[PDB]
file coords-v1.csv (CSV, C-alpha atoms and all ligand atoms)
chain,number,residue,atom,x,y,z
W,7,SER,CA,0.0,1.0,10.3
W,8,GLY,CA,2.6,2.7,8.0
W,9,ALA,CA,3.0,5.4,5.4
W,10,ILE,CA,5.3,6.4,2.5
W,11,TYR,CA,6.9,9.9,2.8
W,12,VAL,CA,7.9,11.3,-0.6
W,13,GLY,CA,8.4,15.0,-1.3
W,14,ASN,CA,5.5,16.9,0.2
W,15,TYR,CA,3.2,13.8,0.2
W,16,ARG,CA,2.2,11.1,2.7
W,17,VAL,CA,0.8,7.9,1.1
W,18,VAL,CA,-1.4,5.7,3.5
W,19,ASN,CA,-4.1,3.0,3.2
W,20,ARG,CA,-7.3,4.9,2.6
W,21,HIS,CA,-9.1,2.8,5.3
W,22,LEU,CA,-6.5,3.9,7.9
W,23,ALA,CA,-6.4,7.6,6.9
W,24,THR,CA,-6.7,10.1,9.8
W,25,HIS,CA,-8.8,13.2,10.2
W,26,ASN,CA,-5.6,15.2,9.4
W,27,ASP,CA,-5.0,13.2,6.2
W,28,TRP,CA,-8.5,14.0,5.0
W,29,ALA,CA,-8.1,17.7,5.9
W,30,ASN,CA,-4.9,17.8,3.7
W,31,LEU,CA,-6.3,15.6,1.0
W,32,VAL,CA,-4.4,15.5,-2.4
W,33,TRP,CA,-6.0,12.3,-4.0
W,34,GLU,CA,-7.8,9.2,-2.9
W,35,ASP,CA,-9.1,6.1,-4.6
W,36,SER,CA,-11.4,3.7,-2.7
W,37,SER,CA,-10.9,1.0,-5.5
W,38,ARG,CA,-7.2,1.0,-4.7
W,39,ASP,CA,-7.4,1.5,-0.9
W,40,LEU,CA,-5.0,4.5,-1.3
W,41,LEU,CA,-5.0,8.1,0.0
W,42,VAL,CA,-2.4,10.7,-0.4
W,43,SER,CA,-2.2,13.9,1.8
W,44,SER,CA,0.1,16.9,1.8
W,45,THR,CA,2.9,17.4,4.4
W,46,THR,CA,4.8,20.5,5.5
W,47,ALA,CA,8.1,18.5,6.0
W,48,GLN,CA,10.1,17.1,3.1
W,49,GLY,CA,9.9,13.3,2.7
W,50,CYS,CA,12.9,11.4,1.6
W,51,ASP,CA,11.5,8.0,0.5
W,52,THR,CA,12.2,7.0,-3.2
W,53,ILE,CA,9.4,5.4,-5.4
W,54,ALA,CA,10.5,2.5,-7.6
W,55,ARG,CA,9.8,3.0,-11.4
W,56,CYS,CA,10.2,-0.5,-12.6
W,57,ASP,CA,8.5,-3.9,-13.4
W,58,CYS,CA,10.1,-5.9,-10.5
W,59,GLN,CA,8.1,-8.9,-9.3
W,60,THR,CA,10.3,-9.7,-6.3
W,61,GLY,CA,11.1,-7.6,-3.3
W,62,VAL,CA,11.1,-7.4,0.5
W,63,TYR,CA,8.2,-6.3,2.8
W,64,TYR,CA,7.9,-5.3,6.4
W,65,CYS,CA,5.5,-7.4,8.6
W,66,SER,CA,4.7,-5.6,11.8
W,67,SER,CA,2.9,-8.7,13.4
W,68,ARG,CA,6.3,-10.6,13.2
W,69,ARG,CA,8.7,-7.5,13.6
W,70,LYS,CA,10.4,-9.0,10.5
W,71,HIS,CA,11.1,-8.4,6.8
W,72,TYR,CA,10.3,-11.2,4.3
W,73,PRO,CA,11.4,-11.7,0.7
W,74,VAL,CA,8.4,-12.2,-1.7
W,75,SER,CA,7.6,-13.0,-5.3
W,76,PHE,CA,4.4,-11.0,-6.2
W,77,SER,CA,1.9,-10.8,-9.0
W,78,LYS,CA,1.6,-7.9,-11.4
W,79,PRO,CA,-0.9,-5.2,-10.3
W,80,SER,CA,-4.4,-6.4,-11.1
W,81,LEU,CA,-8.2,-6.3,-10.2
W,82,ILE,CA,-8.8,-8.8,-7.4
W,83,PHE,CA,-12.0,-9.6,-5.6
W,84,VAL,CA,-11.8,-8.6,-1.9
W,85,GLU,CA,-14.4,-9.9,0.6
W,86,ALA,CA,-16.5,-7.4,2.6
W,87,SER,CA,-14.8,-5.9,5.7
W,88,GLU,CA,-15.9,-3.2,8.3
W,89,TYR,CA,-14.2,-0.7,5.8
W,90,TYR,CA,-15.6,-1.7,2.4
W,91,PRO,CA,-18.3,-3.8,0.9
W,92,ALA,CA,-17.3,-6.8,-1.2
W,93,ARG,CA,-15.6,-5.3,-4.4
W,94,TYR,CA,-12.7,-5.6,-6.8
W,95,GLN,CA,-9.7,-3.8,-5.6
W,96,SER,CA,-7.5,-2.5,-8.5
W,97,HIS,CA,-3.7,-2.2,-8.8
W,98,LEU,CA,-3.4,-5.0,-6.2
W,99,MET,CA,-0.4,-7.5,-6.1
W,100,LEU,CA,-0.5,-10.8,-4.2
W,101,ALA,CA,2.2,-12.9,-2.7
W,102,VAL,CA,2.5,-15.8,-0.3
W,103,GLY,CA,3.3,-14.4,3.2
W,104,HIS,CA,2.0,-13.5,6.6
W,105,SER,CA,-0.3,-10.5,6.9
W,106,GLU,CA,-2.8,-9.6,9.8
W,107,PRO,CA,-5.0,-6.5,9.6
W,108,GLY,CA,-2.6,-4.3,11.6
W,109,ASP,CA,0.1,-5.1,9.1
W,110,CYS,CA,-1.5,-2.7,6.5
W,111,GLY,CA,0.9,0.1,5.7
W,112,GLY,CA,4.1,-2.0,5.8
W,113,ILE,CA,6.3,-1.1,2.9
W,114,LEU,CA,7.2,-3.5,0.0
W,115,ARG,CA,10.6,-2.4,-1.6
W,116,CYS,CA,12.8,-3.7,-4.5
W,117,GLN,CA,16.4,-2.6,-5.4
W,118,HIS,CA,14.8,0.5,-7.1
W,119,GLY,CA,12.8,1.9,-4.2
W,120,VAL,CA,9.3,1.7,-2.7
W,121,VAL,CA,6.9,-0.5,-4.7
W,122,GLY,CA,3.8,-0.4,-2.5
W,123,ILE,CA,2.2,-0.9,0.9
W,124,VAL,CA,0.4,-3.9,2.5
W,125,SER,CA,-3.4,-3.6,2.0
W,126,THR,CA,-4.9,-7.2,2.2
W,127,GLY,CA,-4.1,-10.5,4.0
W,128,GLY,CA,-5.4,-13.8,5.5
W,129,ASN,CA,-5.1,-17.3,4.3
W,130,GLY,CA,-1.3,-17.2,4.1
W,131,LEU,CA,-1.5,-14.4,1.4
W,132,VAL,CA,-0.4,-10.8,1.5
W,133,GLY,CA,-1.7,-8.2,-0.9
W,134,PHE,CA,0.1,-4.9,-1.7
W,135,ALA,CA,-1.4,-1.7,-3.2
W,136,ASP,CA,1.0,-0.7,-6.0
W,137,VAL,CA,2.2,3.0,-6.1
W,138,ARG,CA,4.8,2.7,-9.0
W,139,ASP,CA,2.3,4.1,-11.6
W,140,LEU,CA,1.7,7.3,-9.6
W,141,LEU,CA,4.3,9.4,-11.4
W,142,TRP,CA,3.2,12.7,-9.9
W,143,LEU,CA,4.5,11.5,-6.4
W,144,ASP,CA,7.9,12.8,-7.6
S,1,LIG,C1,-8.2,-9.5,6.3
S,1,LIG,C2,-7.7,-8.1,6.1
S,1,LIG,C3,-8.1,-7.6,4.7
S,1,LIG,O1,-7.6,-8.2,3.8
S,1,LIG,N1,-8.9,-6.5,4.6
S,1,LIG,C4,-9.5,-5.8,5.7
S,1,LIG,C5,-9.1,-4.3,5.7
S,1,LIG,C6,-9.4,-3.7,4.4
S,1,LIG,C7,-8.7,-4.5,3.3
S,1,LIG,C8,-9.0,-3.9,1.9
S,1,LIG,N2,-7.9,-3.5,1.2
S,1,LIG,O2,-10.1,-4.0,1.4
S,1,LIG,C9,-9.2,-6.0,3.3
S,1,LIG,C10,-6.2,-8.0,6.2
S,1,LIG,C11,-5.5,-6.9,6.0
S,1,LIG,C12,-4.2,-7.3,6.2
S,1,LIG,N3,-4.1,-8.6,6.5
S,1,LIG,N4,-5.4,-9.0,6.6
S,2,ZN,ZN,12.4,-2.6,-9.0
call {"tool": "encode", "arguments": {"input": "coords-v1.csv", "output": "structure tokens"}}
result
Amino acid sequence: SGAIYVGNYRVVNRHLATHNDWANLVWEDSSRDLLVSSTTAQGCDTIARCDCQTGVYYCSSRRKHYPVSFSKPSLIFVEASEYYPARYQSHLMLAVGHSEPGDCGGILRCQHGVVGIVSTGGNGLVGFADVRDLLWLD
């Protein structure tokens, strides 16, 4: 679990969005595994606007942060799950690291701010849904 709180927006994994997220929907994209809902309280997270390919992510299944080198956002084939059929997930960045299903939502950050959230895992890999291109979040 986990979300990004920026301005009047909450960014979550679309497959973990709650009934309240869908009732306050701003934007969603199944191909990116992202959903953004509106909030009444002001969020104070900062979104990075950069081309970093290194950062640190939070892994809830280890209660630890890990440094990672990750690929640029791209279209990656993701196997079928209970949430989606087999498909290409866009704007996805991969790194070598630990990620179990409940780790989705963990933030990846660089020195500029929030880069994205954990969205995929298994096999000693961790995949992050990029949010740096969503300029409207600010
Ligand atoms: C194995 C699982 C996973 O990659 N998916 C299931 C949950 C939905 C994911 C998606 N983005 O399509 C894919 C996962 C998450 C985090 N660590 N391991
Ligand atoms: Zn950066």
call {"tool": "residues_near_ligand", "arguments": {"input": "coords-v1.csv", "ligand": "ligand ZN 2 (chain S)", "cutoff": "8 Å", "atoms": "only C-alpha atoms and all ligand atoms", "output": "list in words"}}
result
residues 54, 55, 56, 57, 58, 59, 60, 61, 115, 116, 117, 118, 119 and 121 of chain W
call {"tool": "closest_atom_pairs", "arguments": {"input": "coords-v1.csv", "of": "region 46-114 of chain W", "to": "region 125-142 of chain W", "cutoff": "8 Å", "atoms": "only C-alpha atoms", "output": "JSON lines"}}
result
{"residue": "W:53", "atom": "CA", "partner": "W:138", "partner_atom": "CA", "distance": 6.4}
{"residue": "W:54", "atom": "CA", "partner": "W:138", "partner_atom": "CA", "distance": 5.9}
{"residue": "W:55", "atom": "CA", "partner": "W:138", "partner_atom": "CA", "distance": 5.6}
{"residue": "W:56", "atom": "CA", "partner": "W:138", "partner_atom": "CA", "distance": 7.2}
{"residue": "W:79", "atom": "CA", "partner": "W:136", "partner_atom": "CA", "distance": 6.5}
{"residue": "W:97", "atom": "CA", "partner": "W:136", "partner_atom": "CA", "distance": 5.7}
{"residue": "W:98", "atom": "CA", "partner": "W:135", "partner_atom": "CA", "distance": 4.9}
{"residue": "W:99", "atom": "CA", "partner": "W:134", "partner_atom": "CA", "distance": 5.1}
{"residue": "W:100", "atom": "CA", "partner": "W:133", "partner_atom": "CA", "distance": 4.4}
{"residue": "W:101", "atom": "CA", "partner": "W:132", "partner_atom": "CA", "distance": 5.4}
{"residue": "W:102", "atom": "CA", "partner": "W:131", "partner_atom": "CA", "distance": 4.6}
{"residue": "W:103", "atom": "CA", "partner": "W:131", "partner_atom": "CA", "distance": 5.1}
{"residue": "W:104", "atom": "CA", "partner": "W:130", "partner_atom": "CA", "distance": 5.6}
{"residue": "W:105", "atom": "CA", "partner": "W:127", "partner_atom": "CA", "distance": 4.8}
{"residue": "W:106", "atom": "CA", "partner": "W:127", "partner_atom": "CA", "distance": 6.0}
{"residue": "W:107", "atom": "CA", "partner": "W:127", "partner_atom": "CA", "distance": 6.9}
{"residue": "W:110", "atom": "CA", "partner": "W:125", "partner_atom": "CA", "distance": 5.0}
{"residue": "W:111", "atom": "CA", "partner": "W:125", "partner_atom": "CA", "distance": 6.8}
{"residue": "W:114", "atom": "CA", "partner": "W:134", "partner_atom": "CA", "distance": 7.4}
call {"tool": "closest_residue", "arguments": {"input": "coords-v1.csv", "among": "W:26, W:52, W:77, W:66", "to": "ligand LIG 1 (chain S)", "atoms": "all atoms listed in the file"}}
result
W:66
call {"tool": "atom_distance", "arguments": {"input": "coords-v1.csv", "atom1": "CA of residue 76 (chain W)", "atom2": "CA of residue 31 (chain W)"}}
result
29.6 Å
call {"tool": "closest_residue", "arguments": {"input": "coords-v1.csv", "among": "W:72, W:78, W:42, W:93", "to": "residue 12 (chain W)", "atoms": "only C-alpha atoms"}}
result
W:42
call {"tool": "closest_residue", "arguments": {"input": "coords-v1.csv", "among": "W:65, W:41, W:86, W:50", "to": "residue 120 (chain W)", "atoms": "only C-alpha atoms"}}
result
W:50
call {"tool": "axis_aligned_box", "arguments": {"input": "coords-v1.csv", "around": "region 117-129 of chain W", "padding_each_side": "3 Å", "output": "lines of an AutoDock Vina configuration file"}}
result
center_x = 5.5
center_y = -7.7
center_z = -0.8
size_x = 27.8
size_y = 25.2
size_z = 18.6
call {"tool": "atom_distance", "arguments": {"input": "coords-v1.csv", "atom1": "CA of residue 35 (chain W)", "atom2": "CA of residue 7 (chain W)"}}
result
18.2 Å
call {"tool": "closest_residue", "arguments": {"input": "coords-v1.csv", "among": "W:144, W:39, W:51, W:27", "to": "ligand LIG 1 (chain S)", "atoms": "all atoms listed in the file"}}
result
W:39
call {"tool": "atom_distance", "arguments": {"input": "coords-v1.csv", "atom1": "atom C1 of ligand LIG 1 (chain S)", "atom2": "CA of residue 22 (chain W)"}}
result
13.6 Å
call {"tool": "closest_residue", "arguments": {"input": "coords-v1.csv", "among": "W:14, W:75, W:30, W:37", "to": "ligand LIG 1 (chain S)", "atoms": "all atoms listed in the file"}}
result
W:37
call {"tool": "closest_residue", "arguments": {"input": "coords-v1.csv", "among": "W:63, W:69, W:20, W:43", "to": "ligand LIG 1 (chain S)", "atoms": "all atoms listed in the file"}}
result
W:20
